[PDB]
Amino acid sequence: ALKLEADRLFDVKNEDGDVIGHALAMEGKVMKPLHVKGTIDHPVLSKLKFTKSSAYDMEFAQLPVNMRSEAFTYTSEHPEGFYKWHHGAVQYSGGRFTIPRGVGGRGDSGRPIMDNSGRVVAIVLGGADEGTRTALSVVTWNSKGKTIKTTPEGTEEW
């Protein structure tokens, strides 16, 4: 099991070059959280005309015809149980995606949450600590393709 995969997740950097978030190729578009003010570390992608979507904290551009194959697949069906992301397991219960407290922070915006078949279930934007866990503010799309934004009380943008 060599983890050999396409180029789908890219870094967004600040003025001095600190990675402050992430941008992803998914369903024919490059998208990154709007609140992440930096540049996409990619020679081709960082020259595209991005379209803003303030209501959803999203910013997207059309993937070059070529790259369109190197992308993630979205899925609007997320049963309760466990999911996976960069740091480990993400739990989905009670309409909310949570991770352990003290795990997420700056740099985690734009990271996808995914199921075992490898489909993206949601995109992280920030988190609101509640007890021994953190409730994530994510962007998801419903079966009819409608973008939805769930933001817990006290959410801090990552």
# chains A, B, ... in the order shown; residues from 1 in each chain; ligands from 1
>>> residues_around(residues="segment 142-152 of chain A", least_positions_apart="3", cutoff="6 Å", atoms="only C-alpha atoms", output="PyMOL selection string")
chain A and resi 56+76+137-139+155
>>> write_last_selection(atoms="C-alpha atoms", output="mmCIF file, in the first residue's frame")
data_model
loop_
_atom_site.group_PDB
_atom_site.id
_atom_site.type_symbol
_atom_site.label_atom_id
_atom_site.label_comp_id
_atom_site.auth_asym_id
_atom_site.auth_seq_id
_atom_site.Cartn_x
_atom_site.Cartn_y
_atom_site.Cartn_z
ATOM 1 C CA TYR A 56 -20.305 30.280 2.414
ATOM 2 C CA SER A 76 -23.634 14.246 0.253
ATOM 3 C CA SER A 137 -17.491 24.635 11.164
ATOM 4 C CA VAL A 138 -17.637 22.976 7.756
ATOM 5 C CA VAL A 139 -18.979 23.480 4.250
ATOM 6 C CA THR A 155 -16.381 29.139 16.101
#
>>> residues_around(residues="residue 69 of chain A", least_positions_apart="6", cutoff="10 Å", atoms="only C-alpha atoms", output="list in words")
residues 6, 7, 8, 25, 26, 27, 28 and 63 of chain A
>>> write_last_selection(atoms="N, CA, C and O atoms", output="mmCIF file, in the first residue's frame")
data_model
loop_
_atom_site.group_PDB
_atom_site.id
_atom_site.type_symbol
_atom_site.label_atom_id
_atom_site.label_comp_id
_atom_site.auth_asym_id
_atom_site.auth_seq_id
_atom_site.Cartn_x
_atom_site.Cartn_y
_atom_site.Cartn_z
ATOM 1 N N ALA A 6 -2.900 11.529 -6.832
ATOM 2 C CA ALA A 6 -2.819 12.721 -7.670
ATOM 3 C C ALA A 6 -2.545 13.952 -6.818
ATOM 4 O O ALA A 6 -2.443 13.881 -5.596
ATOM 5 N N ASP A 7 -2.377 15.086 -7.479
ATOM 6 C CA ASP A 7 -2.140 16.328 -6.773
ATOM 7 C C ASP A 7 -3.495 17.033 -6.638
ATOM 8 O O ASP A 7 -4.015 17.585 -7.610
ATOM 9 N N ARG A 8 -4.091 16.943 -5.449
ATOM 10 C CA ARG A 8 -5.403 17.539 -5.174
ATOM 11 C C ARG A 8 -5.399 18.540 -4.051
ATOM 12 O O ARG A 8 -6.205 19.445 -4.038
ATOM 13 N N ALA A 25 -8.814 20.446 -5.170
ATOM 14 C CA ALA A 25 -9.369 20.199 -6.483
ATOM 15 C C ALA A 25 -10.485 19.228 -6.180
ATOM 16 O O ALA A 25 -10.259 18.194 -5.573
ATOM 17 N N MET A 26 -11.691 19.560 -6.614
ATOM 18 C CA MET A 26 -12.837 18.714 -6.350
ATOM 19 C C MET A 26 -13.998 19.082 -7.251
ATOM 20 O O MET A 26 -14.399 20.249 -7.322
ATOM 21 N N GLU A 27 -14.535 18.086 -7.947
ATOM 22 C CA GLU A 27 -15.658 18.290 -8.848
ATOM 23 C C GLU A 27 -15.400 19.418 -9.873
ATOM 24 O O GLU A 27 -16.240 20.301 -10.076
ATOM 25 N N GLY A 28 -14.221 19.383 -10.496
ATOM 26 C CA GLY A 28 -13.871 20.365 -11.511
ATOM 27 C C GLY A 28 -13.505 21.788 -11.120
ATOM 28 O O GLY A 28 -13.293 22.622 -12.000
ATOM 29 N N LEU A 63 -11.012 24.483 -12.633
ATOM 30 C CA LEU A 63 -9.825 23.675 -12.831
ATOM 31 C C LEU A 63 -9.459 23.619 -14.302
ATOM 32 O O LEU A 63 -10.328 23.520 -15.181
#
>>> residues_around(residues="residue 126 of chain A", least_positions_apart="4", cutoff="6 Å", atoms="only C-alpha atoms", output="count of residues only")
5
>>> closest_residue(among="A:87, A:29, A:101, A:35", to="residue 66 of chain A", atoms="only C-alpha atoms")
A:29
>>> residues_around(residues="residue 46 of chain A", least_positions_apart="4", cutoff="12 Å", atoms="only C-alpha atoms", output="PyMOL selection string")
chain A and resi 10-13+23+30-32+38-42+50+60-64
>>> atom_distance(atom1="atom CA of residue 54 of chain A", atom2="atom CA of residue 84 of chain A")
27.0 Å
>>> residues_around(residues="segment 105-107 of chain A", least_positions_apart="5", cutoff="7 Å", atoms="only C-alpha atoms", output="PyMOL selection string")
chain A and resi 19-21+158
>>> select_by_dssp(residues="segment 2-157 of chain A", states="helix (DSSP H, G or I)", output="list in words")
residues 45, 46, 47, 67, 68 and 69 of chain A
>>> write_last_selection(atoms="N, CA and C atoms", output="CSV table (one decimal), in the first residue's frame")
chain,number,residue,atom,x,y,z
A,45,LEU,N,-2.3,27.2,-10.7
A,45,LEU,CA,-3.5,27.6,-10.0
A,45,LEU,C,-3.5,28.9,-9.4
A,46,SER,N,-2.3,29.5,-9.1
A,46,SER,CA,-2.3,30.8,-8.5
A,46,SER,C,-2.4,31.9,-9.5
A,47,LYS,N,-2.7,31.6,-10.7
A,47,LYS,CA,-2.9,32.6,-11.7
A,47,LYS,C,-4.3,32.6,-12.3
A,67,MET,N,-5.9,19.3,-15.3
A,67,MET,CA,-6.1,18.9,-13.9
A,67,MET,C,-7.4,18.3,-13.5
A,68,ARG,N,-8.5,18.6,-14.3
A,68,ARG,CA,-9.8,18.1,-14.0
A,68,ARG,C,-9.9,16.7,-13.6
A,69,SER,N,-9.0,15.8,-14.1
A,69,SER,CA,-9.0,14.4,-13.7
A,69,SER,C,-8.4,14.3,-12.3
>>> atom_distance(atom1="atom CA of residue 133 of chain A", atom2="atom CA of residue 59 of chain A")
28.2 Å
>>> closest_residue(among="A:127, A:154, A:118, A:110", to="residue 24 of chain A", atoms="only C-alpha atoms")
A:110
>>> atom_distance(atom1="atom CA of residue 1 of chain A", atom2="atom CA of residue 114 of chain A")
18.4 Å
